[PDB]
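# A closer look at the structure
One-letter residues, chain by chain:
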2 protein chains.
Amino acid sequence: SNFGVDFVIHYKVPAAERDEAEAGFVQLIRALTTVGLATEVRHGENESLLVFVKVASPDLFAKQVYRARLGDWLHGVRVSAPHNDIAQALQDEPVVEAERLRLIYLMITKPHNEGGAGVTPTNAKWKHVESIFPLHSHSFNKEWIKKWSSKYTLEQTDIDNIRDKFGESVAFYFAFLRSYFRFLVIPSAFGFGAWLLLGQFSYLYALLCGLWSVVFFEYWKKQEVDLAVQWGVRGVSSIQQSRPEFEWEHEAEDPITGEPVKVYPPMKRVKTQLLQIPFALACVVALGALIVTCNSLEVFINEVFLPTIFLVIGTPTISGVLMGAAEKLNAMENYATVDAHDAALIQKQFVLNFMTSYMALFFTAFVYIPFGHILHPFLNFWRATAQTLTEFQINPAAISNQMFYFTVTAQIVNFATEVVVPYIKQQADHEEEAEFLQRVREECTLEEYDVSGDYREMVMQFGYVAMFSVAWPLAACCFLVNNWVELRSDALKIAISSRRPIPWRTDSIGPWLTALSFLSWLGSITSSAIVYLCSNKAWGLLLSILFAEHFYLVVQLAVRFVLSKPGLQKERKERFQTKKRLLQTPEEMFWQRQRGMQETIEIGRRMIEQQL
Amino acid sequence: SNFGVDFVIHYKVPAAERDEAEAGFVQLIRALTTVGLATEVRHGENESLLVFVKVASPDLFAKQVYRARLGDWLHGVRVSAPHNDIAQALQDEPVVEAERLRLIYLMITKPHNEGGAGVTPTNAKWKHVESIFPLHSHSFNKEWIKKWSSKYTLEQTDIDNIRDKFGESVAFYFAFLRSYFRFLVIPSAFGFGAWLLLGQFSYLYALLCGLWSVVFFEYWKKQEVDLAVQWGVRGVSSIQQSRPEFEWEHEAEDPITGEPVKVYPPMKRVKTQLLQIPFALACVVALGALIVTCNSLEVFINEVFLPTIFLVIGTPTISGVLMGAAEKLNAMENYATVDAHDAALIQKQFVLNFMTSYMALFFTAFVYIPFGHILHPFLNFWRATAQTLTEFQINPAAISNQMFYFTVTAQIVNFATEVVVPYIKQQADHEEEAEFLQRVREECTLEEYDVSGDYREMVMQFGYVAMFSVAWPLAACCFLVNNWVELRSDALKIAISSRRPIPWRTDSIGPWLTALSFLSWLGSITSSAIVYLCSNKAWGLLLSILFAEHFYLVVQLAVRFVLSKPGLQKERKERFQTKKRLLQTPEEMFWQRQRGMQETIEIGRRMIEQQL
Ligand SMILES: [Ca+2]
Ligand SMILES: [Ca+2]
Ligand SMILES: [Ca+2]
Ligand SMILES: [Ca+2]
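- Its PDB header names cryo-EM as the technique used to obtain the model and reports a resolution of 3.59 Å.

### Let's talk about the overall build of chain A
- Broken down by element type, chain A carries 23 helices and 4 strands.
- For chain A, the spread of C-alpha atoms along the principal axes amounts to about 120 × 100 × 55 Å.

### Let's talk about the sheet that holds strand β2 (residues 37-43) of chain B
All names here are of chain B.
- The strand order across the open sheet formed by 4 strands is β2-β3-β1-β4, and the pairing between neighbours is antiparallel. Each edge of the open sheet is held by one strand with a lone partner, namely β2 and β4 (132-133).
- Examined bridge by bridge, β2 and strand β3 (residues 49-55) share 7 bridges and lie antiparallel to one another. Note on β3: the bridge partner recorded for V41 is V51.
- Its contacts with the sheet place helix α1 (residues 19-35) against β1 (7-9), β2 and β3, and it is angled at close to 150° to β2.
- Packing of helix α4 (residues 97-109) onto the sheet brings it into contact with β1, β2, β3 and β4, and relative to β1 it is tilted by some 35°.

### Some points on the relation of the copies chain A and chain B
- If you rotate chain A by 180° and push it 0.0 Å along the axis, it lands on chain B with an RMSD of 0.0 Å. Overall, the copies show the geometry of a two-fold rotation axis. It is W539 of chain A whose C-alpha, among those of chain A, lies nearest the rotation axis, at 2.4 Å.
- An overlap of 98% is found between the interface residues of chain A and their copies at the interface of chain B, pointing to a shared contact surface.

### So, the interface of chain A and chain B
- The partner chain B presents 51 residues to the 52 residues of chain A that form the contact.
- With 7 residues, the single largest contributor to the side of chain A that touches chain B is helix α21 (residues 539-563) of chain A.
- For the side of chain A that touches chain B, a count of residues per class yields 28 nonpolar, 11 polar and 13 charged.

### Examining the coordination of the calcium ion (ligand 2)
- Taken together, the protein donors to the calcium ion (ligand 2) comprise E418 of chain A (OE), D454 of chain A (OD), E457 of chain A (OE) and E486 of chain A (OE), at separations of 2.3 to 2.4 Å.
- With a relative accessible area of 13%, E418 of chain A lands in the buried category.

### With respect to the sheet that holds strand β3 (residues 49-55) of chain A
- Ordered by their spatial adjacency, 4 strands build an open sheet running β2-β3-β1-β4 (chain A), and the pairing between neighbours is antiparallel. Strand pairing shows two members of the sheet lacking a second neighbour, β2 (37-43) and β4 (132-133) of chain A, which therefore form its edges.

### A closer look at the UniProt feature "binding site: Ca(2+) 3" (unreviewed entry) in chain A
Residue and element names in this part refer to chain A.
- Per the UniProt annotation, the sites labelled "binding site: Ca(2+) 3" (unreviewed entry) are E418, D454 and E486.
- As for its position among the elements, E418 is in helix α16 (residues 399-425).
- For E418, the residues in contact, after removing those within four places along its chain, are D454, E457, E486, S489, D490 and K493.
- With residues up to four places along the chain from it excluded, the contact list for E486 reads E418, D454, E457 and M458.

### Observations concerning a nonpolar patch on the surface
Residues and elements named next belong to chain A.
- Nonpolar side chains collect at one region of the surface, where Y219, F561, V562 and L563 lie side by side and expose about 380 Å² of accessible area between them.
- Tracing the backbone shows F561 in helix α21.
- Judged by relative accessible area, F561 falls into the exposed class, the value being 57%.

### Side note on the nonpolar core
- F174, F216, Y358 and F468 of chain B are the most contacted members of the largest nonpolar core, which has 87 residues in total.
- Counting residues per element, this core draws most heavily on helix α7 (residues 169-183) of chain B, which supplies 11 residues.
- With residues near it in sequence (within four places) discarded, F468 of chain B still touches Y358, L361, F362, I399, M403, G463 and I530 of chain B.
- Core analysis: the second largest hydrophobic core is formed by 86 residues, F172, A228, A365 and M403 of chain A among them.

### Quick look at the domain arrangement of chain A
All names here are of chain A.
- Assigned domains within chain A: domain 1 (7-135) and domain 2 (143-219 + 246-425 + 441-565).
- Relative placement of domain 1 and domain 2: their C-alpha centres are 37 Å apart.
- Facing the 17 residues of domain 1 at the interface are 14 residues of domain 2.
- Carbon and sulfur atoms make up 64% of the surface buried where domain 1 meets domain 2, a total of about 1500 Å² over both sides.
- Taken together, the connections running from domain 1 to domain 2 amount to 2 salt bridges.
- One salt bridge in this structure joins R500 and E97, with 3.8 Å as the shortest N-O distance.
- Linking domain 1 to domain 2 there are 3 residue pairs in polar contact.

### Points about the UniProt feature "binding site: Ca(2+) 1" (unreviewed entry) in chain A
All names here are of chain A.
- Listed under "binding site: Ca(2+) 1" (unreviewed entry) in the UniProt record, and renumbered for this structure, are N414, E418, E457 and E486.
- Counting through the fold element by element, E457 comes out in helix α18 (residues 451-468).
- Not counting the four nearest positions on each side in its chain, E457 is found in contact with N414, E418 and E486.
- Relative to the helices and strands, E486 resides in helix α19 (residues 475-496).
- Take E486: its relative accessible area is 4%, and that puts it in the buried class.

### Points about a negative patch on the surface
- A contiguous patch of negative charge on the surface is contributed by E251, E253, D254 and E259 of chain A.
- Tracing the chain through its elements places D254 of chain A in the loop between α9 (203-230) and α10 (266-273).

### Focus on the packing of aromatic side chains
- In the structure shown here, the tally under the stated rule is 86 aromatic pairs over all chains.
- Between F140 of chain A and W144 of chain A the ring centres are 6.1 Å apart and the planes differ by 35°, which places this aromatic pair in the tilted class. Of the two residues, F140 of chain A and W144 of chain A are both situated in helix α5 (residues 138-149); the distance of 4 residues between them amounts to about one turn of the helix.
- For the cation-ring pair, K222 of chain B lies above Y219 of chain B, with the distance from its terminal atom to the ring centre recorded as 4.9 Å.
- One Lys or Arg, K580 of chain B, reaches over the ring of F576 of chain B and ends 5.9 Å from the middle of that ring.

### Topic: the packing of helix α7 (residues 169-183) of chain A against α18 of chain A
Residue and element names in this part refer to chain A.
- Two numbers describe how α7 lies on α18: the axes approach to 11 Å, and their chain directions differ by 20°. Between α7 and α18, the crossing angle belongs to the class labelled roughly parallel. Here the hand of the crossing between α7 and α18 comes out left-handed. On α18, the residues touching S169, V170, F172, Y173, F176, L177 and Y180 of α7 are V451, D454, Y455, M458, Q461, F462 and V465.
- When grouped by side-chain class, the residues that make up the contact of α7 with α18 number 11 nonpolar, 2 polar and 1 charged.

### Regarding the pattern of salt bridges
Residue and element names in this part refer to chain A.
- A complete count under the given rule lists 30 salt bridges over all chains for this structure.
- Note that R100 is salt-bridged to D6, the shortest N-O span being 2.5 Å. With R100 in helix α4 (residues 97-109) and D6 in the segment before β1 (7-9), this residue pair connects regions lying 94 residues apart in the sequence.
- Bridged by salt links that share partners, the residues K147, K151, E155 and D158 form one connected network.

### Overview of helix α6 (residues 156-165) of chain B
Residues and elements named next belong to chain B.
- Regarding α6, the residues found buried are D158, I159, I162, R163 and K165.
- Of the surrounding secondary structure, the elements contacted by the buried residues of α6 are α4, α5 (138-149) and α7.
- Downstream of α6 by a residue or two, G167 has a phi angle that is positive, lying close to 125°.

### Some words on the environment of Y219 of chain A
- In this structure, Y219 of chain A sits in helix α9.
- Those residues in contact with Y219 of chain A that sit more than four places away from it in its chain are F183 and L563 of chain A.

### Quick word on the state of the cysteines
- One pass over the full model with this rule turns up 0 disulfides over all chains.
- This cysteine, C477 of chain A, is not joined by any disulfide, and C478 of chain A carries the nearest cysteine sulfur, 7.0 Å off.

### Digging into the side chain of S524 of chain B
All names here are of chain B.
- Checked against the element boundaries, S524 lands in helix α20 (residues 512-535).
- The buried category is assigned to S524, whose relative accessible area is 12%.
- Not counting residues within four places of it along the chain, the set of residues in contact with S524 comprises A548, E549 and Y552.

Calculation notes
- Residues numbered from 1 in each chain as written, not as in the entry; some residues may be left out.
- Chains lettered and ligands numbered in written order.
- Heavy atoms only, no water.
- Residues with missing side-chain atoms left out of burial classes, pairs and counts.
- Helix = DSSP H or I, 4+ residues; strand = E, 2+ residues; numbered from the N terminus.
- Pairing = 2+ DSSP bridges.
- Contact = heavy atoms within 4.5 Å.
- Axes fitted to C-alpha atoms, helices over the stretch in contact; angles between N-to-C directions.
- Least-squares fit on C-alpha atoms.
- Nonpolar A, V, L, I, M, F, W, Y, C, P; charged D, E, K, R; others polar.
- Donors = N, O, S within 2.8 Å, 3.2 Å for Na, K, Ca; no water.
- Buried < 20%, exposed > 50% of the residue type's maximum accessible area, 1.4 Å probe, protein only.
- UniProt positions renumbered as here; feature names shortened; annotations may be inferred.
- Patch = residues over 30% accessible without salt bridge, like charges linked within 9 Å, V, L, I, M, F, W, Y side chains within 5 Å.
- Areas by Shrake-Rupley, 256 points an atom, 1.4 Å probe, with all protein chains shown as cover.
- Salt bridge = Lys/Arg side-chain N within 4 Å of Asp/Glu carboxyl O.
- Core = buried A, V, L, I, M, F, W, Y, C linked by side-chain atoms within 4.5 Å.
- Domains from an automatic or database assignment.
- Buried area = accessible area lost by both parts, 1.4 Å probe.
- Polar contact = N/O pair within 3.5 Å; in protein donor to acceptor, adjacent residues only side chain to side chain.
- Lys, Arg positive; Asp, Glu negative; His and termini not counted.
- Charge placed at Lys NZ, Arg CZ, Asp CG, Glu CD.
- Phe/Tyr/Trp six-rings, centres within 6.5 Å; stacked < 30°, edge-to-face > 60°.
- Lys NZ or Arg CZ within 6 Å of the ring centre and 35° of its normal.
- Parallel < 35°, antiparallel > 145°, perpendicular 65-115°, else oblique.
- Left-handed = near helix turned anticlockwise from the far one by under 90°.
- Disulfide = S-S within 2.5 Å.

Okay, here's the thing in structure tokens:
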């Protein structure tokens, strides 16, 4: 439905600095025109000038895509270079929309040293440029949402459509979510089969959960490389993309393969990097104190679960401000590549969300149950406060109720915040095309969509399954429905409540693979510990931990060995085919006695005859 | 000193079947001549006919080496194909002796389908051919032994000489031995610094040994790939070399990249493969019974260490017969590739030698010390036997004496058997060249040298260091001297007491990498267990095991992370250099308003001016 547009830039302007903005606009448009993109300017809103661009000459676009395909080829991404004749390259393997959008964005963003015109709104003097974004297509979305909501199971072609259009990382996230939702059936079924017929806090369920977690992790790891090979996006993690916000002080010549490269003394970076530990300790101390007071108030009411519900409802705000502070801190220290910078924010975000999510259960299952004397002083303080306003309690198992109140009453709140609140906030010259202009203006005021949060939510849901499902086997039953709803909720959020993300290629899901392994390993211990501490000396607990951890390790080894036996065979066949295609006195006087071959047999026969 | 000879074949003949041997000899020589190798025949000993061959026409040899280099190139071994002009290929990168010997052997051994003439003495009717082997060079050995024995530390060039001449696997074994001997200094020094000033059975020593084992293993793993890249022998493990002794029943077409390939139903192979477990259990039961009686006799003398010494002296024979039985069993089941067959024999050999070496210490440190009531019945039986020939003993720590008697009195015996006994056994027409013929005849009666046993001995010495050095910190002190002696003892055994092995390329040391990791992991637990059980309830032992194992895991992770930061950079530079070398109504009526670029700036300026 769009007018053939490709990219839109905002370029807000000030009121007391309009003189300094006209020169910047002139420089920006002059740089943009030299690259070879067709541009147009239209009135925006609240001091904005929308700039719409696409590629003008298809010949230059073909040259650029050929150069990009070549550059991918020499980096090992491809295994078949294209011929130096642009007649079948876009015919046998036509360019997809995502690839064209990525190439246009790379041409717009890269500096002159590579073939582009650097207009990054952060590094250089482009302080007036707000954001560069592509446009949506309502015709595609109205059909996609209905098609996805009118079915039950998503086939491979449904994910391939998102890969073709919406990019690569989004496709990987959706494939991972679909695979995880499909795999969640087994723990759901075998927890429903143990919640009604296998007593409470069964020991078999913990081992079964550990085995299922290992199997799912390894199967997803295999399907990951399979999908990477299928989409031809394997090995892109090796490409070290640079960053525009990087800062340096001097250029250091590289002895081997030397081009001008910027460097940062590692000692200076570490001097700021180690600041994370004191900040993490200071934040976790305060959060633990808050949890302690909340649980003390909750247990005081037993002497006459509201504090737990209030804490769950109120923790999103503190989590958000702490996450914003962590994001701000990551900018204080500098990263050269964009992979390292993105792999460092994920670690901090995961640590913070883990400590703000699992610690409420940890302080109730591993602290209050073994020895509740720690909460004694808090109980006494609360009793004294209640008395001034005008004996011994032993909890049998509070983990069962807390897990239910942390799953059922938290999934609803999370879904409400994710869907309904944006839905409610969504209701808060001049020729015959102004509808498109109004749509564009309403599009640029939204927020850029990032897959980090959606990955984090699913990672921590998997953790909740891994380390705490033994206290409530019905958790997977609710999680199945929640994930089925989420598979369309996230699609809707992408479609209507967020601008279309810039397609970025990625081989893997990122550093989340290590997080899943760590969560599974820790769950393999915590589940058995909870089973022992709830089912009721101290010698047996360590033995149970031994059995659980070593069974987990043995299961991991066995599953790896089994799965060591797809797209790898197709790649090997292609490599073999291309290989076949490219395929097309003591010396002079010693053996002078026996020159030819015929007499040697005669000599041997004579030797045999004489031997007898 | 040799007469330019390259390979020697034996071809023994019978007395009642000489008629059937002449035809085989004629066929063998006819097949050999067609390939293009110069041959000669000389009288052997006890019904043998020595056949000496080398390459005849250097042009055919150049063609063969070019074809071999190409075939290596398309398999990813190389990163730079040679040009189709044989003028500088042997000049810039001249062929080494080992490569020429390997190529000649491959030409001799391979069937006609690849370019050779299959003369394997096992599969086909070549029942008369005994062995095909290359000849030594006494001039090289007399200098090499003296040079190695006249120095202290072996530099890289010394190993590179063996790589150039004696092959690849031998060079890898010698490099591994040198690196391990160099790394053994640290545990030796810090055990000498703890045997005199840190009491007995120190807890710090176990953690230090675990850390040293992890560091050495990871450093060797890095140096392994470094040496593989340096020698240009990286990735050869991917090449699946076939086997001549393989048997099949029919040929199954391969759908993808289909050439005639022989197959074996996996169920039939497994039906014989699972027989290992009952055999292993039956052998370990008998060996454990023998150990139990030996230790009972040893402890009975205390009521008035000879049985331990007798058992150590007598165990080589039982180990040898059991190893021969295991080798015979491996032939009963069939393996297609030569890598899988060699990787299966190593597992059985390692398991057998582990159970015949470490179990004597295991039954004394983990069974008798915690509860000696198991040896009660044996003590009573021995006492009854002694009485018929015509109260309670608690051992404080017998592991300290047993470790000394299993190290000092076993290294001497092993060295004697390895060196002195072969030395003693070494003293047990007709023109002016018969000295060479006598040397050749005395050469072919020796035994083929294999690096499996030398790898196994060092692996189990490393195990003894890993899991039992805490009971005797001076073990590394003796092991340093033993390894320094062995570094020349094995070279001498190769030089004089064994025929020159056929040079076989190998990227890695083999499956021994997993064995080292398993030994280190098990030692990280056993050392702490011994420390607790010797230093003196049952609750603390599991906690100590927790601390030891998790410290080992954390140290492994930290060392891997540290070492993640050589030849890989050189390979990347070569790849970059070769890459650089190969490098050289709603549409028509919308933007028709703003065709060029000059008027767009004017329009934007007018919009800005009107906006205010
Ligand atoms: Ca949600
Ligand atoms: Ca979500
Ligand atoms: Ca020896
Ligand atoms: Ca040896």
